[PDB]
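A short write-up of the structure that comes next.
In this note's numbering, the protein residues as written are 3 to 81.
Now the structure itself:
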């Protein structure tokens with residue numbers, strides 16, 4: 003039994019969080035390298051979260067918006 007994905011989004015999508023793409027990703031190669039990782043840079047806004055990728059691009063991803071979760075916490079990141 004776990005908190006739903008919206009609750010997880012609220013708990014984990016905070017500045018500094020390390021992420022990769024996740025289940026609902028539909029954003030082509032924006033993660034910048036295969037299996038690329040990134041850092042969340044802000045707070046949730048209308049269910050979207052900002053990420054700066056290690057490859058260097060900055061953009062926004064759904065983590066609740068549209069009922070979709072585009073990211074996953076990166077391997078080795080355990081807050």
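Even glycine gets a Cβ: it sits at the ideal position worked out from N, Cα and C.
What whole-angstrom Cβ distance do residue i and residue j have, given they're in contact under 8 Å?
i	j	result
residue 14	residue 81	7 Å
residue 57	residue 38	5 Å
residue 66	residue 49	3 Å
Can you have a look at residue i and say buried or exposed, based on whether 16 or more other CB atoms are within 10 angstroms of its CB?
i	result
residue 29	exposed
residue 64	buried
Between the options, which lies nearest to residue i when the distance is taken from Cα to Cα?
i	options	result
residue 73	40, 59, 58, 56	40
residue 44	4, 31, 11, 7	11
Between the alpha carbons of residue i and residue j, how many angstroms are there, rounded?
i	j	result
residue 27	residue 71	7 Å
residue 51	residue 79	17 Å
residue 16	residue 53	10 Å
Hey, quick one: how far does the beta strand (DSSP E) through residue i stretch, first residue to last?
i	result
residue 63	60-64
residue 12	Run containing residue 12: none in the beta strand (DSSP E); it sits in the alpha helix (DSSP H), 7-14.
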